>>> print(open('final-v2.cif').read())   # mmCIF, C-alpha atoms
data_start
loop_
_atom_site.label_atom_id
_atom_site.label_comp_id
_atom_site.auth_asym_id
_atom_site.auth_seq_id
_atom_site.Cartn_x
_atom_site.Cartn_y
_atom_site.Cartn_z
CA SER A 1 146.54 97.73 112.73
CA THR A 2 144.29 94.92 113.98
CA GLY A 3 142.99 91.60 112.75
CA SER A 4 139.97 89.51 113.66
CA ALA A 5 139.28 85.96 112.45
CA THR A 6 136.68 83.37 113.33
CA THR A 7 137.96 80.00 114.59
CA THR A 8 135.76 76.91 114.04
CA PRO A 9 135.84 73.48 115.76
CA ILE A 10 137.00 70.74 113.35
CA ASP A 11 134.46 68.20 114.73
CA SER A 12 131.63 67.66 117.19
CA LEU A 13 134.06 67.19 120.12
CA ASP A 14 136.06 70.45 119.71
CA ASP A 15 139.16 68.34 119.13
CA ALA A 16 140.84 71.36 117.55
CA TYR A 17 139.91 74.68 115.93
CA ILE A 18 140.74 75.95 112.45
CA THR A 19 141.13 79.54 111.37
CA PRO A 20 141.37 80.65 107.72
CA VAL A 21 144.70 82.24 106.75
CA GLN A 22 145.56 83.93 103.44
CA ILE A 23 149.01 83.05 102.11
CA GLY A 24 150.60 84.42 98.95
CA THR A 25 149.56 86.55 95.99
CA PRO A 26 146.91 85.91 94.78
CA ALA A 27 145.72 84.65 98.19
CA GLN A 28 145.70 80.93 98.88
CA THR A 29 143.40 80.36 101.87
CA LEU A 30 144.41 77.49 104.18
CA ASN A 31 142.68 76.49 107.41
CA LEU A 32 145.33 76.47 110.14
CA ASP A 33 145.38 75.30 113.73
CA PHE A 34 146.47 78.31 115.81
CA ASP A 35 148.76 76.86 118.47
CA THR A 36 149.92 78.96 121.44
CA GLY A 37 152.11 75.97 122.40
CA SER A 38 154.42 76.07 119.37
CA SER A 39 156.20 78.62 117.19
CA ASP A 40 156.24 77.33 113.60
CA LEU A 41 153.82 78.34 110.83
CA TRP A 42 153.85 75.28 108.61
CA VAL A 43 151.55 74.14 105.84
CA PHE A 44 150.69 71.24 103.65
CA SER A 45 152.13 72.18 100.28
CA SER A 46 152.90 71.20 96.69
CA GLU A 47 156.14 69.76 98.21
CA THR A 48 154.39 67.39 100.65
CA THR A 49 154.92 63.65 99.87
CA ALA A 50 151.80 62.85 97.81
CA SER A 51 150.91 59.72 99.84
CA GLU A 52 150.87 61.90 103.03
CA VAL A 53 148.20 64.30 101.67
CA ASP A 54 144.54 63.17 102.04
CA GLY A 55 142.07 66.01 101.46
CA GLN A 56 144.06 68.97 102.90
CA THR A 57 144.28 72.23 100.95
CA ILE A 58 147.91 72.82 99.94
CA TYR A 59 150.04 75.93 99.58
CA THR A 60 151.76 76.08 96.17
CA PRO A 61 154.58 78.64 96.36
CA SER A 62 155.17 78.52 92.58
CA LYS A 63 151.70 80.11 92.15
CA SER A 64 152.46 83.02 94.50
CA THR A 65 154.14 86.08 92.99
CA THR A 66 155.36 87.08 96.47
CA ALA A 67 156.83 83.71 97.53
CA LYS A 68 160.63 83.45 97.84
CA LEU A 69 162.62 80.39 98.85
CA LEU A 70 164.45 81.04 102.11
CA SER A 71 167.61 79.44 100.75
CA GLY A 72 169.14 76.70 102.88
CA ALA A 73 166.53 76.88 105.63
CA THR A 74 164.92 73.69 106.91
CA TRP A 75 162.61 72.86 109.77
CA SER A 76 161.57 69.81 111.76
CA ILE A 77 159.16 69.67 114.67
CA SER A 78 157.84 67.04 117.08
CA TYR A 79 154.75 67.74 119.18
CA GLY A 80 153.71 66.47 122.65
CA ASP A 81 151.27 63.94 121.05
CA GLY A 82 154.09 62.21 119.07
CA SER A 83 153.17 63.85 115.74
CA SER A 84 155.79 65.53 113.53
CA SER A 85 156.46 67.34 110.31
CA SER A 86 159.45 68.77 108.44
CA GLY A 87 160.44 70.53 105.26
CA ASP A 88 161.86 73.69 103.74
CA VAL A 89 160.93 77.38 104.02
CA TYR A 90 159.54 80.20 101.89
CA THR A 91 158.83 83.77 102.84
CA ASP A 92 155.50 85.13 101.69
CA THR A 93 152.71 87.54 102.60
CA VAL A 94 150.38 86.12 105.28
CA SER A 95 147.11 87.68 106.38
CA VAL A 96 144.87 86.72 109.30
CA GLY A 97 141.52 88.40 109.65
CA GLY A 98 142.63 91.47 107.69
CA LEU A 99 146.06 91.83 109.41
CA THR A 100 148.92 91.39 106.93
CA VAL A 101 152.56 90.47 107.50
CA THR A 102 155.03 90.62 104.66
CA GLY A 103 158.10 88.39 104.69
CA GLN A 104 156.55 85.77 107.02
CA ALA A 105 158.36 82.44 107.15
CA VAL A 106 155.94 79.85 105.71
CA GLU A 107 157.37 76.40 106.48
CA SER A 108 156.45 74.06 103.62
CA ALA A 109 156.03 70.43 104.67
CA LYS A 110 157.87 67.75 102.74
CA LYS A 111 156.85 65.10 105.31
CA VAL A 112 154.05 64.93 107.86
CA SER A 113 153.24 62.10 110.32
CA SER A 114 150.15 59.94 110.07
CA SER A 115 148.01 61.98 112.52
CA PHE A 116 148.33 65.03 110.19
CA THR A 117 147.56 63.05 107.04
CA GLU A 118 144.51 61.47 108.69
CA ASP A 119 143.07 64.88 109.67
CA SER A 120 141.77 66.33 106.37
CA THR A 121 140.41 69.47 108.14
CA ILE A 122 143.80 70.89 109.26
CA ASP A 123 145.98 72.39 106.50
CA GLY A 124 148.83 73.29 108.88
CA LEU A 125 149.70 75.06 112.12
CA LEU A 126 150.23 78.70 113.01
CA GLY A 127 152.41 78.91 116.11
CA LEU A 128 151.81 81.62 118.69
CA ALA A 129 154.27 80.68 121.43
CA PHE A 130 157.54 82.63 121.74
CA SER A 131 159.84 82.71 118.71
CA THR A 132 162.67 81.09 120.74
CA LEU A 133 160.89 77.75 120.04
CA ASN A 134 160.84 78.16 116.26
CA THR A 135 162.59 75.20 114.64
CA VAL A 136 163.94 76.81 111.43
CA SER A 137 167.67 76.18 110.94
CA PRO A 138 170.18 77.69 110.52
CA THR A 139 168.36 81.01 110.92
CA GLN A 140 165.50 80.88 113.46
CA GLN A 141 162.32 82.63 112.28
CA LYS A 142 159.71 84.76 113.98
CA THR A 143 156.08 83.91 114.56
CA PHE A 144 153.27 85.74 112.78
CA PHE A 145 152.51 87.56 116.07
CA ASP A 146 156.11 88.61 116.62
CA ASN A 147 156.31 89.94 113.03
CA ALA A 148 152.94 91.77 113.38
CA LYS A 149 153.57 93.15 116.86
CA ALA A 150 155.16 96.50 116.08
CA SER A 151 152.27 97.34 113.62
CA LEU A 152 149.48 96.39 116.07
CA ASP A 153 147.47 98.98 117.95
CA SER A 154 148.34 97.03 121.18
CA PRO A 155 150.88 94.17 121.36
CA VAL A 156 148.30 91.50 122.19
CA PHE A 157 146.19 88.74 120.74
CA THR A 158 143.11 87.17 122.31
CA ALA A 159 141.64 83.69 122.15
CA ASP A 160 137.90 83.31 122.54
CA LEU A 161 137.22 79.63 121.80
CA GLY A 162 133.68 78.32 121.59
CA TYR A 163 132.14 75.26 123.18
CA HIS A 164 130.68 73.32 120.29
CA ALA A 165 130.59 76.64 118.41
CA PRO A 166 132.83 79.06 116.53
CA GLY A 167 134.92 81.64 118.37
CA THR A 168 137.40 84.37 117.59
CA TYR A 169 141.11 85.19 117.47
CA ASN A 170 141.74 88.94 117.61
CA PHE A 171 145.11 90.64 117.08
CA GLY A 172 145.96 94.11 118.32
CA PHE A 173 142.93 94.91 120.45
CA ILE A 174 140.82 93.61 123.34
CA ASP A 175 137.07 93.37 122.49
CA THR A 176 135.48 94.65 125.70
CA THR A 177 132.11 93.21 124.49
CA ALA A 178 133.45 89.63 124.36
CA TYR A 179 133.69 88.98 128.14
CA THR A 180 131.86 89.61 131.41
CA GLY A 181 133.31 91.28 134.50
CA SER A 182 136.97 92.20 134.50
CA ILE A 183 140.12 90.59 133.05
CA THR A 184 142.56 89.25 135.68
CA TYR A 185 146.16 89.38 134.54
CA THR A 186 148.85 86.99 135.77
CA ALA A 187 152.61 86.75 135.28
CA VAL A 188 154.19 84.73 132.50
CA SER A 189 157.55 83.02 132.40
CA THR A 190 159.03 82.78 128.90
CA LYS A 191 161.96 80.57 130.10
CA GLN A 192 160.64 77.45 128.27
CA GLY A 193 159.25 79.47 125.29
CA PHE A 194 155.62 78.97 126.34
CA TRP A 195 152.86 81.14 127.77
CA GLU A 196 153.70 79.63 131.20
CA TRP A 197 151.82 80.86 134.24
CA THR A 198 150.79 79.75 137.73
CA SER A 199 147.20 79.03 138.62
CA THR A 200 146.27 79.73 142.24
CA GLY A 201 144.22 76.52 142.78
CA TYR A 202 141.12 74.60 141.93
CA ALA A 203 137.72 73.38 143.02
CA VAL A 204 135.68 70.35 141.95
CA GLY A 205 132.00 71.02 141.45
CA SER A 206 130.49 72.90 144.39
CA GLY A 207 133.44 71.88 146.62
CA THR A 208 135.73 74.21 148.52
CA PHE A 209 138.53 75.91 146.62
CA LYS A 210 141.99 74.43 147.25
CA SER A 211 144.69 77.13 147.24
CA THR A 212 147.74 75.59 145.59
CA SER A 213 150.19 76.78 142.92
CA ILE A 214 149.86 74.94 139.59
CA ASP A 215 152.44 75.98 136.98
CA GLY A 216 151.31 75.28 133.43
CA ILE A 217 151.02 76.57 129.89
CA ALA A 218 148.12 78.16 128.02
CA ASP A 219 148.04 75.98 124.89
CA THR A 220 145.33 76.40 122.27
CA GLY A 221 146.84 73.53 120.30
CA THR A 222 146.13 70.95 123.04
CA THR A 223 142.57 69.64 123.27
CA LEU A 224 142.39 68.65 126.95
CA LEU A 225 143.27 69.96 130.42
CA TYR A 226 146.35 68.13 131.82
CA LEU A 227 146.95 68.66 135.55
CA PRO A 228 148.82 66.94 138.38
CA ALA A 229 147.65 63.45 139.28
CA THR A 230 146.48 64.60 142.73
CA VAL A 231 144.14 67.21 141.17
CA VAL A 232 142.85 64.88 138.49
CA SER A 233 142.17 62.05 140.99
CA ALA A 234 140.23 64.50 143.18
CA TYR A 235 138.06 65.45 140.17
CA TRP A 236 137.26 61.95 138.91
CA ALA A 237 136.61 60.68 142.47
CA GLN A 238 133.39 62.77 142.24
CA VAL A 239 132.13 60.77 139.23
CA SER A 240 130.63 57.33 140.03
CA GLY A 241 132.36 54.63 138.06
CA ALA A 242 135.20 56.82 136.69
CA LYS A 243 138.59 55.17 136.52
CA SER A 244 141.96 55.53 134.92
CA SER A 245 142.29 52.97 132.09
CA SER A 246 145.87 52.11 130.98
CA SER A 247 144.28 50.29 127.94
CA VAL A 248 142.44 53.47 126.80
CA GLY A 249 145.16 55.90 127.92
CA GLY A 250 143.47 58.00 130.62
CA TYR A 251 140.43 58.53 132.74
CA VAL A 252 137.13 57.21 131.42
CA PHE A 253 133.70 57.52 132.93
CA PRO A 254 130.23 56.08 132.34
CA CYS A 255 128.50 57.86 129.51
CA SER A 256 125.40 57.97 131.78
CA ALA A 257 127.19 60.32 134.24
CA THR A 258 126.54 64.00 134.79
CA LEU A 259 130.00 65.57 135.22
CA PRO A 260 130.81 68.20 137.86
CA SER A 261 132.31 71.52 136.89
CA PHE A 262 135.98 72.28 137.47
CA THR A 263 137.19 75.69 138.68
CA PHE A 264 140.73 77.02 138.29
CA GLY A 265 142.19 80.11 139.93
CA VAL A 266 143.72 83.11 138.19
CA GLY A 267 145.05 85.25 141.00
CA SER A 268 141.99 85.94 143.17
CA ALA A 269 139.64 85.26 140.21
CA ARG A 270 138.01 81.95 139.28
CA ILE A 271 137.25 80.42 135.86
CA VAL A 272 134.56 77.72 135.91
CA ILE A 273 134.68 74.94 133.33
CA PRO A 274 131.14 73.48 133.07
CA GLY A 275 130.92 69.70 133.42
CA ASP A 276 129.73 69.29 129.85
CA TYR A 277 133.02 70.74 128.57
CA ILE A 278 134.81 67.75 130.21
CA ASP A 279 132.84 65.12 128.19
CA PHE A 280 134.76 63.86 125.17
CA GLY A 281 132.23 61.17 124.31
CA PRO A 282 132.47 57.43 123.71
CA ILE A 283 135.97 55.96 123.59
CA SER A 284 134.97 54.09 120.43
CA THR A 285 131.86 54.38 118.41
CA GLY A 286 128.83 53.02 120.34
CA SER A 287 130.72 52.47 123.64
CA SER A 288 129.14 53.39 126.96
CA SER A 289 132.60 54.35 128.29
CA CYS A 290 133.31 58.03 127.70
CA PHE A 291 136.69 59.77 127.61
CA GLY A 292 137.42 62.51 130.16
CA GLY A 293 138.53 66.01 129.34
CA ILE A 294 140.69 66.38 132.44
CA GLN A 295 143.70 64.03 132.39
CA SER A 296 146.95 63.61 134.34
CA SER A 297 150.03 65.48 133.23
CA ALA A 298 152.31 63.10 135.16
CA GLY A 299 153.65 61.42 131.91
CA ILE A 300 154.25 64.88 130.11
CA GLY A 301 156.56 66.96 132.35
CA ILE A 302 154.28 70.05 132.21
CA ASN A 303 150.71 70.98 133.10
CA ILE A 304 148.70 72.12 130.08
CA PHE A 305 145.70 74.43 130.13
CA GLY A 306 144.41 73.25 126.73
CA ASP A 307 141.17 74.01 124.97
CA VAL A 308 138.93 72.46 127.70
CA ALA A 309 140.13 75.19 130.05
CA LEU A 310 140.71 78.04 127.60
CA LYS A 311 137.26 77.77 125.97
CA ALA A 312 135.70 78.61 129.36
CA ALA A 313 137.42 82.04 129.29
CA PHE A 314 138.29 85.08 127.23
CA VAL A 315 142.09 84.86 127.20
CA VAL A 316 144.51 87.73 126.57
CA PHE A 317 148.00 86.89 125.39
CA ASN A 318 149.84 90.14 126.22
CA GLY A 319 153.10 90.33 124.28
CA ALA A 320 154.33 93.59 125.79
CA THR A 321 158.00 93.79 126.86
CA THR A 322 156.94 91.99 130.08
CA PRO A 323 154.41 89.41 128.80
CA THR A 324 151.34 88.54 130.85
CA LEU A 325 148.19 86.43 130.45
CA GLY A 326 144.71 87.70 131.18
CA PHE A 327 141.57 85.67 131.86
CA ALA A 328 137.96 86.80 132.01
CA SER A 329 134.71 84.89 132.31
CA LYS A 330 132.33 85.13 129.33
#
>>> encode(input="final-v2.cif", output="structure tokens")
Amino acid sequence: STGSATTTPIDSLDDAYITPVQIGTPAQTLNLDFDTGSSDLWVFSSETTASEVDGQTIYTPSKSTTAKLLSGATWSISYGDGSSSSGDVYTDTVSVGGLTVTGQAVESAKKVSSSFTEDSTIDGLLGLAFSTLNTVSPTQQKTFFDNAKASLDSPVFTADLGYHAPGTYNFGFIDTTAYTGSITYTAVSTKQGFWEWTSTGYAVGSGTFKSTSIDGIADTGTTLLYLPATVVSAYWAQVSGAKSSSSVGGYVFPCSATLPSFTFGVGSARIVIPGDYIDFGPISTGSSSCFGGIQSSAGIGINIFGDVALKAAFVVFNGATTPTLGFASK
């Protein structure tokens, strides 16, 4: 089997991407944030505290003939941005882009933090990191990918995120029309439960490439590119008037600037992030200070190749017995 679904930016900045997902019988379609940095499929639901719902579409298990309470199971998750959610668990039929899994754990939120409530466009998350990170207790659950894997034509999914445009998540096949050149594969460590890999270095603009190992994660659920402070300082030093602002919470730059590109290495290959991808616009409405898309990881504990980086590539998440990542230009 295969599946193919379009993913759409939630706003004009590509802050996140939503992908429609069918849950239950008859189908209830929710728009989920596919997150290769986490392993829970959770939804706004009929159980969510009413004051914490503001415009989201909810899953109502009582209206699904295939829903079953997963008795005694609870979940609770905290993300890198400080957001959180928790609740109880149903199993139900879940389909993405024509690919169906029966018996998927659908984590029903009883509580969500303010950042979820305030984002009316995101009806929940679909985790695509390794199932060792799933938070369901006392019986850990598998991700949609892990449950689909044995049925897929190939044990892979691909992320093809757009810049200010829709893109695609494919399951079970690699669309050879969706990228240019060849795919470069690189090793993955699953020790922390992430799609963790090592970039071979970077360049700023037209500058020389610096060969240096940068361990980080491929995380579709993170907006920005978070790299070591040395790398990030070297990038923003090429932008007149850029500075790190402790009041704003990262590097800002004059909105009048033209940003340089940023290149990262994948083995001997190179992915180029155009400068425009690094512009996240005014820090507040009408400001002439703009927020940068490359920020320091120093306060996180891990480097994160988020959407700024991933949207510049066609990315293969190879879930074979030995997992690997692949990157191609597009």
>>> resolve_selection(input="final-v2.cif", expression="the PyMOL selection byres ((chain A and resi 195-204) around 6)", output="list in words")
residues 188, 189, 194, 205, 207, 208, 209, 210, 211, 212, 213, 214, 215, 216, 217, 218, 235, 262, 263, 264, 265, 266 and 267 of chain A
>>> write_last_selection(input="final-v2.cif", atoms="C-alpha atoms", output="PDB file, keeping the file's coordinate frame")
ATOM      1  CA  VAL A 188     154.190  84.730 132.500  1.00  0.00           C
ATOM      2  CA  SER A 189     157.550  83.020 132.400  1.00  0.00           C
ATOM      3  CA  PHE A 194     155.620  78.970 126.340  1.00  0.00           C
ATOM      4  CA  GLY A 205     132.000  71.020 141.450  1.00  0.00           C
ATOM      5  CA  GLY A 207     133.440  71.880 146.620  1.00  0.00           C
ATOM      6  CA  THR A 208     135.730  74.210 148.520  1.00  0.00           C
ATOM      7  CA  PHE A 209     138.530  75.910 146.620  1.00  0.00           C
ATOM      8  CA  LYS A 210     141.990  74.430 147.250  1.00  0.00           C
ATOM      9  CA  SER A 211     144.690  77.130 147.240  1.00  0.00           C
ATOM     10  CA  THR A 212     147.740  75.590 145.590  1.00  0.00           C
ATOM     11  CA  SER A 213     150.190  76.780 142.920  1.00  0.00           C
ATOM     12  CA  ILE A 214     149.860  74.940 139.590  1.00  0.00           C
ATOM     13  CA  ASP A 215     152.440  75.980 136.980  1.00  0.00           C
ATOM     14  CA  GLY A 216     151.310  75.280 133.430  1.00  0.00           C
ATOM     15  CA  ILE A 217     151.020  76.570 129.890  1.00  0.00           C
ATOM     16  CA  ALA A 218     148.120  78.160 128.020  1.00  0.00           C
ATOM     17  CA  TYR A 235     138.060  65.450 140.170  1.00  0.00           C
ATOM     18  CA  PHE A 262     135.980  72.280 137.470  1.00  0.00           C
ATOM     19  CA  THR A 263     137.190  75.690 138.680  1.00  0.00           C
ATOM     20  CA  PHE A 264     140.730  77.020 138.290  1.00  0.00           C
ATOM     21  CA  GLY A 265     142.190  80.110 139.930  1.00  0.00           C
ATOM     22  CA  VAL A 266     143.720  83.110 138.190  1.00  0.00           C
ATOM     23  CA  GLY A 267     145.050  85.250 141.000  1.00  0.00           C
TER      24      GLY A 267
END
>>> closest_residue(input="final-v2.cif", among="A:227, A:21, A:30, A:41", to="residue A:129", atoms="only C-alpha atoms")
A:41
>>> closest_residue(input="final-v2.cif", among="A:325, A:16, A:316, A:252", to="residue A:158", atoms="all atoms listed in the file")
A:316
>>> resolve_selection(input="final-v2.cif", expression="the PyMOL selection byres ((chain A and resi 290) around 7)", output="list in words")
residues 252, 253, 254, 255, 280, 281, 282, 283, 288, 289, 291 and 292 of chain A
>>> resolve_selection(input="final-v2.cif", expression="the PyMOL selection byres ((chain A and resi 64) around 9)", output="compact mmCIF listing (two decimals) with C-alpha atoms, keeping the file's coordinate frame")
# COMPACT_ATOMS: atom_id res chain seq x y z
CA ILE A 23 149.01 83.05 102.11
CA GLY A 24 150.60 84.42 98.95
CA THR A 25 149.56 86.55 95.99
CA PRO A 26 146.91 85.91 94.78
CA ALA A 27 145.72 84.65 98.19
CA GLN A 28 145.70 80.93 98.88
CA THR A 60 151.76 76.08 96.17
CA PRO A 61 154.58 78.64 96.36
CA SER A 62 155.17 78.52 92.58
CA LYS A 63 151.70 80.11 92.15
CA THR A 65 154.14 86.08 92.99
CA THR A 66 155.36 87.08 96.47
CA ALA A 67 156.83 83.71 97.53
CA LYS A 68 160.63 83.45 97.84
CA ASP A 92 155.50 85.13 101.69
>>> residues_near_point(input="final-v2.cif", point="(144.4, 73.5, 113.4)", cutoff="10 Å", atoms="only C-alpha atoms", output="VMD selection string")
chain A and resid 7 to 10 15 to 20 31 to 35 116 119 121 to 126 220 to 221
>>> residues_around(input="final-v2.cif", residues="residue A:103", least_positions_apart="6", cutoff="12 Å", atoms="all atoms listed in the file", output="list in words")
residues 23, 24, 66, 67, 68, 69, 70, 89, 90, 91, 92, 93, 94, 95, 141, 142, 143, 144, 147 and 148 of chain A
>>> residues_around(input="final-v2.cif", residues="stretch 298-311 of chain A", least_positions_apart="4", cutoff="7 Å", atoms="all atoms listed in the file", output="CSV table (one decimal) with C-alpha atoms, keeping the file's coordinate frame")
chain,number,residue,atom,x,y,z
A,160,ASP,CA,137.9,83.3,122.5
A,161,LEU,CA,137.2,79.6,121.8
A,162,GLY,CA,133.7,78.3,121.6
A,163,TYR,CA,132.1,75.3,123.2
A,215,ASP,CA,152.4,76.0,137.0
A,216,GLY,CA,151.3,75.3,133.4
A,217,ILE,CA,151.0,76.6,129.9
A,218,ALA,CA,148.1,78.2,128.0
A,219,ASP,CA,148.0,76.0,124.9
A,220,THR,CA,145.3,76.4,122.3
A,221,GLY,CA,146.8,73.5,120.3
A,222,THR,CA,146.1,71.0,123.0
A,223,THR,CA,142.6,69.6,123.3
A,224,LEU,CA,142.4,68.6,127.0
A,225,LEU,CA,143.3,70.0,130.4
A,226,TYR,CA,146.4,68.1,131.8
A,227,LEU,CA,147.0,68.7,135.6
A,228,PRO,CA,148.8,66.9,138.4
A,229,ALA,CA,147.6,63.4,139.3
A,273,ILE,CA,134.7,74.9,133.3
A,277,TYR,CA,133.0,70.7,128.6
A,278,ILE,CA,134.8,67.8,130.2
A,293,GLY,CA,138.5,66.0,129.3
A,315,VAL,CA,142.1,84.9,127.2
>>> closest_residue(input="final-v2.cif", among="A:109, A:71, A:97, A:53", to="residue A:40", atoms="all atoms listed in the file")
A:109
>>> residues_around(input="final-v2.cif", residues="residue A:317", least_positions_apart="4", cutoff="9 Å", atoms="all atoms listed in the file", output="list in words")
residues 155, 156, 157, 158, 159, 195, 323, 324, 325 and 326 of chain A
>>> axis_aligned_box(input="final-v2.cif", around="stretch 135-152 of chain A", padding_each_side="8 Å", output="AutoDock Vina command-line options")
--center_x 159.8 --center_y 86.3 --center_z 113.7 --size_x 36.7 --size_y 38.1 --size_z 22.3
>>> closest_residue(input="final-v2.cif", among="A:244, A:84, A:261, A:238", to="residue A:135", atoms="all atoms listed in the file")
A:84
>>> atom_distance(input="final-v2.cif", atom1="atom CA of residue A:239", atom2="atom CA of residue A:313")
24.1 Å
>>> atom_distance(input="final-v2.cif", atom1="atom CA of residue A:57", atom2="atom CA of residue A:111")
15.1 Å
